[PDB]
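Trainee: Provided herewith is a single structure, encoded as structure tokens, for subsequent inquiry.
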Amino acid sequence: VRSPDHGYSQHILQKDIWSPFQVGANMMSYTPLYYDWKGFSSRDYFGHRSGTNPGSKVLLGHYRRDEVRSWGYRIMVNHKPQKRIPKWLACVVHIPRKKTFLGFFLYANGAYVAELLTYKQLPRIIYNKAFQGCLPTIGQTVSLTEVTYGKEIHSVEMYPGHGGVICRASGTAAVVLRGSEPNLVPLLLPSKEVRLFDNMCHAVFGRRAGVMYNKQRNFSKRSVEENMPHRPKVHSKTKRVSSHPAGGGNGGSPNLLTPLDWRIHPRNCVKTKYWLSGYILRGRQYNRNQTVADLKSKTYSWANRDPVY
Amino acid sequence: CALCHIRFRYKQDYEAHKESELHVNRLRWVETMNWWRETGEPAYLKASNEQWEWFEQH
Amino acid sequence: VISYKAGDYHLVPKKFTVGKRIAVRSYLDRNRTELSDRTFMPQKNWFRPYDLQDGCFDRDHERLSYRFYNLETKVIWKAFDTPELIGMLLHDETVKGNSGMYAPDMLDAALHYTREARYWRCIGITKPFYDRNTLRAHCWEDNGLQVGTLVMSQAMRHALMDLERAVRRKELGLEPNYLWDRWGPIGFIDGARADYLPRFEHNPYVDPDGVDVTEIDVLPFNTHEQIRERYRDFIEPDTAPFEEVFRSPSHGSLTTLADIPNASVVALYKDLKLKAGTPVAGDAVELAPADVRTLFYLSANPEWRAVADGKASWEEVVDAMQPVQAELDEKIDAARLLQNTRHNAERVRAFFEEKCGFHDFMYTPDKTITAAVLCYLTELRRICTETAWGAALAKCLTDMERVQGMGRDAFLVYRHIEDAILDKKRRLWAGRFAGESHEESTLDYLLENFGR
Amino acid sequence: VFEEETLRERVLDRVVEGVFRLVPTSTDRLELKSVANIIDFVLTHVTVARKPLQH
RNA sequence: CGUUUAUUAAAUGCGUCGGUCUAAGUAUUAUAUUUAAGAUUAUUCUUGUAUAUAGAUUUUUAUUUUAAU
């Protein structure tokens with residue numbers, strides 16, 4: 001196989017990511033793994049298509065529609081691989097709408113259910129078995145104790161035993177950072193914010209998957225943009241001045257000084273962190289400007305967490 | 001300066017903070033509280049005892 | 001005195017609280033990433049405690065009115081839906097505490113229905129019971145007043161057409177390709193689209209041989225009697241080719257090179273088979289004849305009998321001076337009979353694979369299966385009714401009480417047959433997950449090596 | 001997860017049949033496939049065993 | 001290449017980009033916007049909103065908003 005991920009490119013612009021090894025659609029929809037539900041569109045309590053009230057983290061993005069298609073491929077995902085029982089990658093299924101790759105693992109005590117598929121994994125191989133080393137094999141799900149400084153891990157679980165939440169998107173990877181804390185290990189999440197992950201947490205070793213998503217996936221076809229169907233996102237400056245303060249103006253009015261969606265979203269103002277966890281060390285704001293590498297140099301302790309936020 | 005919840009944006013004032021009316025006053029307050037706990041209180045409620053028990057016996 | 005430094009009791013256990021104040025938890029703090037172990041690890045269950053309900057049976061009728069309304073009626077059903085698991089619930093109801101599950105009566109009714117539930121399954125009946133009380137093969141053509149004229153639904157008068165069309169064929173002398181003899185547990189074994197019976201009038205089954213069957217044909221075949229003689233040859237399963245295979249040692253899994261001592265005894269079997277009249281050494285792992293294989297089990301578990309006859313320096317002597325434990329091979333074959341067809345929906349189907357030679361159970365037409373069940377229940381009765389060790393052995397569930405009644409040494413035997421069967425499965429399962437080649441490197445190289 | 005028959009029989013004859021001399025039905029043997037559930041199945045059929053306290 | 005009450009350089013739409021978000025959803029992700037794809041390039045400079053800020057105002061321009069007579 002050449003390049004287990006391809007920018008298939010049906011039309012010179014339309015570049016969808018085909019992967020050789022991708023299971024044909026027939027071997028995709030699996031009965032006891034397939035969930036279906038209507039997704040509420042953007043309607044929240046009283047219909048009323050609306051986002052979220054300013055302070056909350058339950059998303060009903062105003063511009064959302066056709067979230068669950070009804071005869072779209074929708075198998076559920078594990079996110080909790082088991083520690084050291086061998087796997088067996090049976091096939092590698094690729095759902096467009098959930099851009100994730102995910103391959104069916106046998107997992108060696110019959111459980112034909114495991115999905116998240118780390119980069120450079122091949123089908124019909126056994127994965128969760130360690131080589132001579134501690135657990136340094138691609139695909140092996142490793143507790144954060146067993147990793148060493150500077151090697152990527154994906155699907156890191158935020159709270160130990162509560163399922164993998166961090167670094168699930170394709171090609172993503174949380175890099176270890178060699179902290180000084182007694183029983184905690186700091187990981188450089190891809191958001192350039194570092195977080196004191198408990199060392200007993202479980203992460204899947206390797207990159208995540210399906211590299212060449214970061215770019216090189218471009219639909220530019222009216223039918224094919226139904227991998228991401230969303231509502232129209234109108235100008236905010238053609239919105240019936242009675243309705244939206246940016247409006248009218250006999251021509252192209254540039255826009256008002258302080259941009260606002262309906263309430264406010266001024267360009268770098270609305271930063272909506274309201275509660276920081278005890279584990280958080282430096283938010284994406286405290287690192288946004290340094291670099292990727294300089295954050296990988298230091299050792300991270302509790303004194304590095306800034307007493308004021 | 002976690003003592004008073006101050007992030008410093010301008011240098012040359014992070015230097016002049018340690019003697020600023022905000023820091024030096026927050027220094028005195030968080031100190032006299034220690035004074036009360038370090039010496040005062042274990043002696044204040046000492047005298048409050050040594051006069052009552054004086055009363056209920058004298 | 002009672003010391004207290006303050007900042008001790010919070011008034012709420014330190015889990016349900018912030019520094020002070022109980023904290024709020026509302027299924028929106030929670031992620032969906034927990035609860036995602038459900039894809040393999042099943043949720044908690046409430047296992048009901050097993051009851052011999054005699055405490056609820058203070059008097060007689062309520063005890064013999066659930067024998068039918070609850071126990072028998074679960075057999076008429078299982079004698080209809082899946083007659084192969086009809087030995088499973090016989091264990092399910094006796095593990096639950098019931099008395100006469102393997103009684104000489106429940107079987108001789110289970111085998112009764114299993115025998116006949118076939119001839120009203122081919123007639124077109126989809127539900128064995130009409131109401132709580134009576135069977136649907138006893139709805140007479142009046143309200144209930146007709147003598148024996150069966151109320152033939154449209155499904156039936158199209159199941160009795162396919163039977164009649166199969167008769168006329170072998171009445172024309174042709175081969176009677178009866179439609180529902182390609183019908184197995186997965187539907188049409190031929191991998192075809194199932195022909196559903198209330199067949200549309202625009203999809204009439206057409207055979208390019210000019211056979212006429214219509215409503216004018218099957219309407220006189222109303223009552224039960226004039227079909228059991230007309231379509232006798234098809235509704236009735238055949239019991240001849242399966243007559244005695246359950247009363248015979250057959251271990252479809254076990255291979256000649258598979259024994260609890262993997263070499264020592266088979267070294268004898270190669271030693272006896274080179275110094276022999278008609279000698280043949282063993283490299284071909286091909287399965288030996290069935291009965292000689294069970295000899296070594298009767299000669300490999302007990303190091304008593306491993307040496308008792310290992311001394312014997314001839315071929316037939318070892319092969320035939322052990323008929324005394326060959327009088328013990330049925331009392332163990334009654335065990336490998338029960339515990340095989342008993343526990344899971346899978347152990348039973350895998351069992352019939354060995355004995356009655358169903359290559360794949362899931363594709364063997366029902367005519368071939370209902371027979372094997374009928375030939376298996378017909379020998380459950382033999383075990384329960386004929387010989388005294390059959391009853392207690394049936395009602396035994398654990399090994400501890402199993403070893404007691406029947407041959408303690410006979411139970412030493414097959415628990416190294418079963419342990420040898422399952423260890424063959426160990427070869428298949430752990431056989432898949434022992435090839436480790438992964439790494440950061442060789443998982444890269446295994447691309448180009450996969451390229452050519 | 002004790003799923004594959006080869007593994008369930010390797011545990012059920014030893015712990016729930018061997019150590020405890022309990023015997024599980026067929027329909028419960030289905031969900032009796034985890035360390036969490038093995039513990040409960042015992043902890044019901046042994047709780048239904050203590051002679052009801054005799055007042 | 002869709003879509004509109006006086007029907008179109010109207011408003012959609014893919015990509016890039018800016019900002020926000022690691023205790024409800026995957027930070028090569030989803031919210032919130034400005035633009036428009038493709039191909040070349042994307043210049044000079046700041047007085048105010050925003051950010052950061054130190055009892056607040058007053059001060060204060062890494063990135064963003066708006067600006068350049």
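Trainee: In region B:10-49, which trypsin sites (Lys or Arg not before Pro) fall in coil by DSSP and have 11 or fewer other Cβ atoms within 10 Å?
Mentor: Passing both the DSSP loop test and the Cβ count: B:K11, B:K18.
Trainee: Once you charge only the Cβ atoms, +1 for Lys and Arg and -1 for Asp and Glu, what is the size of the charge dipole of the protein assembly as shown about its Cα centre, to the nearest 20 debye?
Mentor: With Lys and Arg at +1 and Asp and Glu at -1, about 6220 debye.
Trainee: With a cut-off of 8 Å between alpha carbons and a minimum separation of six or more residues, what is the relative contact order of chain D in percent?
Mentor: Relative contact order here is 35 percent.
Trainee: Please give me, ordered by residue number, the GluC sites (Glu not before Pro) of region C:50-146 that lie in loop per DSSP and have at most 12 other Cβ atoms within 10 Å.
Mentor: none
Trainee: I've got another one for you. In nm, to one decimal, how far is the modelled label at A:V308 from the one at A:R267, with both set 7 Å along Cα→Cβ?
Mentor: Placing both labels 7 Å beyond Cα along the Cβ direction yields 2.7 nm.
Trainee: Between C:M106, C:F129, C:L85, whose Cα lies farthest towards the positive end of the dipole of region C:75-142 when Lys and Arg beta carbons carry +1 and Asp and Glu beta carbons carry -1, centred on the Cα centre?
Mentor: The one lying farthest along the dipole's positive direction is C:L85.
Trainee: Let me ask you something else. For the pairs A:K15/A:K239; A:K57/A:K98; C:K331/C:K424; A:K120/A:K192; A:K80/A:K233; A:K87/A:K221, note any where the Cα-Cα span goes beyond 30 Å.
Mentor: Violating the 30 Å Cα-Cα cut-off are A:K15/A:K239; A:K80/A:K233; A:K87/A:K221.
Trainee: With the radius of gyration and the Kirkwood radius both derived from the Cα set of region A:92-139, what is their ratio Rg to Rh?
Mentor: 1.00
Trainee: So what is the calculated 222 nm ellipticity per residue for chain C, using -39500 (n - 2.57) for each DSSP H run with n of 4 or more, over all residues, to the nearest 500 deg cm²/dmol?
Mentor: For chain C, the value works out to -10000 deg cm²/dmol.
Trainee: At a Förster radius of 25 Å, what calculated FRET efficiency corresponds to the Cβ-Cβ distance of C:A281 and C:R426, to the nearest 0.05?
Mentor: So the FRET efficiency works out to roughly 0.35.
Trainee: Among C:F433, C:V75, A:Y309, pick out the residue whose Cα is farthest towards the positive end of the charge dipole of the protein assembly as shown, where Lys and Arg carry +1 and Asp and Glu carry -1 on C-beta, about the Cα centre.
Mentor: Value: A:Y309.
Trainee: Span-like helices, chain C: DSSP H, alpha-carbon axial extent 15 Å or more, mean Kyte-Doolittle -1.0 or greater, which ones?
Mentor: What comes out of the filter, once short or polar helices are dropped, is C:106-119, C:345-355, C:366-381.
Trainee: Compute and list, largest first, the equivalent-ellipsoid semi-axes of region C:5-141 from the alpha carbon gyration tensor, each √(5λ) rounded to a whole angstrom.
Mentor: In descending order, the three semi-axes are 53, 22, 14 Å.
Trainee: Here is a further query. Take every Cα-Cα pair in region A:24-168 and report what % of them are more than 22 Å apart.
Mentor: 51 percent
Trainee: Quick check of the Kirkwood formula: for chain A, what is the inverse mean of 1/r over all pairs of different Cα atoms, in Å?
Mentor: For chain A, the Kirkwood estimate is 22.2 Å.
Trainee: On to the next question. Within region C:108-172, report the chymotrypsin sites (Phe, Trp or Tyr not before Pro) that DSSP leaves as loop and that have at most 11 other Cβ atoms within 10 Å.
Mentor: none
Trainee: Considering Cα pairs under 8 angstrom that are at least six residues apart, work out the relative contact order of chain C and quote it in whole percent.
Mentor: 17 percent
Trainee: If I model a spin label as a point 7 Å beyond the Cα along the Cα-Cβ vector, how far apart are those points for D:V19 and A:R97 in nm?
Mentor: That separation, rounded to one decimal, is 4.7 nm.
Trainee: Let me ask something else. Taking region A:170-214, how much of its Cα-Cα pair set, in percent, is spaced more than 14 angstrom apart?
Mentor: 52 percent
Trainee: What list of ³J(HN,Hα) values in whole Hz, one per residue of region A:143-151 in order, does the Karplus curve 6.51 cos²θ - 1.76 cosθ + 1.60 (θ = phi - 60°) give from phi, with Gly and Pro shown as x?
Mentor: 5, 5, 5, 7, 7, 10, 4, x, 10
Trainee: What share of the DSSP beta bridges in region A:2-120 is antiparallel, in percent to the nearest 5?
Mentor: Once the DSSP bridges in region A:2-120 are tallied, antiparallel ones form about 90 percent.
Trainee: Give or take rounding to whole Å, what are the principal axis extents of the alpha carbon atoms in chain D, in descending order?
Mentor: 47, 18, 18
Trainee: What's the extension gain from C:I186 to C:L35 if we count 0.36 nm per residue and subtract their Cα-Cα distance?
Mentor: Going from the current span to full extension adds 51.0 nm.
Trainee: Could I ask something else about it? Rounding to the nearest 10 and keeping the result within 0 to 90°, find how far the Cα-based axis of helix D:35-45 lies from the longest principal axis of chain D.
Mentor: For helix D:35-45, the angle is close to 30 degrees.
Trainee: Also: Mind jotting down a quarter of the surface of the convex hull over the alpha carbons of region C:140-205, in square nanometres, one decimal?
Mentor: So the Cα hull casts an average projection of 6.4 nm².
Trainee: What is the Rg over Rh value, at two decimals, for region C:133-244, using alpha-carbon atoms and the Kirkwood definition of Rh?
Mentor: Using only Cα positions, Rg/Rh for region C:133-244 is 0.99.
Trainee: Give the span of region C:328-425's Cα atoms along each principal axis, as three whole-Å numbers ordered largest to smallest.
Mentor: 40, 33, 21 Å, listed from the longest principal axis down.
Trainee: Using the Cα centre of region C:329-446 as the reference point, and only Cβ charges (+1 on K/R, -1 on D/E), how large is the resulting charge dipole? Debye, rounded to the nearest 20.
Mentor: For this selection, approximately 620 debye.
Trainee: Gaussian network model of chain A, Cα springs within a sub-10 Å range: biggest mean-square fluctuation belongs to which of A:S29, A:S56, A:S243?
Mentor: Of A:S29, A:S56, A:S243, the Gaussian network model singles out A:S243 as fluctuating most.
Trainee: In whole Å and largest first, what semi-axes does the C-alpha gyration tensor of region C:304-360 yield when each eigenvalue is scaled by 5 and square-rooted?
Mentor: Taking √(5λ) for each Cα gyration eigenvalue gives 32, 13, 9 Å.
Trainee: Among C:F40, C:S26, C:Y4, pick out the residue whose Cα is farthest towards the positive end of the charge dipole of region C:1-57, where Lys and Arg carry +1 and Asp and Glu carry -1 on C-beta, about the Cα centre.
Mentor: The listed residue farthest towards the positive side: C:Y4.
Trainee: Here's a follow-up. Taking H placed 1.01 Å from N in the peptide plane, check which residues at least 5 places from A:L196 or on another chain put their amide H under 5 Å from its amide H.
Mentor: Hits under the 5 Å cutoff: A:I280, A:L281.
Trainee: Shifting gears a bit: Viscosity 0.890 mPa s, temperature 25 °C: what is the translational diffusion coefficient of chain C from Stokes-Einstein with a Kirkwood Rh over Cα pairs, rounded to a whole number of µm²/s?
Mentor: Stokes-Einstein gives a translational diffusion coefficient of 89 µm²/s.
Trainee: So, in nm, how far is label A:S70 from label A:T238 when the simple model puts each one 7 Å beyond its Cα toward the Cβ?
Mentor: 3.1 nm
Trainee: Moving on. Provide the net charge surrounding A:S41, with neighbours chosen by a C-beta distance below 13 Å and charges set as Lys +1, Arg +1, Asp -1, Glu -1.
Mentor: +4
Trainee: Semi-axes of the equivalent ellipsoid for region C:243-356, please: Cα gyration tensor eigenvalues, times 5, square-rooted, ordered largest first, whole Å.
Mentor: Working through the eigenvalues yields semi-axes of 27, 16, 13 Å.
Trainee: P(r) tail for region A:172-284, what percent of Cα pairs lie past 21 Å?
Mentor: 65 percent
Trainee: Now for a different question. Explain nothing, just the number: relative contact order of chain A, from Cα pairs under 8 Å at least 6 residues apart, as a whole percent.
Mentor: Dividing the mean separation by the residue count of chain A yields 16 percent.
Trainee: Report, to two decimal places, the Cα Rg of the protein assembly as shown normalised by 2.2 N^0.38 Å (N = number of residues).
Mentor: Normalised Cα radius of gyration, the protein assembly as shown: 1.31.
Trainee: What list of ³J(HN,Hα) couplings, whole Hz, do you get for region A:183-200 from phi and the Karplus terms 6.51, -1.76, 1.60, once you set θ to phi - 60° and write x for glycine and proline?
Mentor: Along region A:183-200, the couplings run 10, 10, 10, x, 10, 7, 3, x, 6, 6, 10, 9, 9, 7, 6, 5, 5, 6 Hz.
Here the Cβ is made from the backbone with ideal geometry for all residues, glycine too, and neighbour counts use every protein chain on show. Each reported figure results from applying straightforward, stated rules to the coordinates on display, with no laboratory input.
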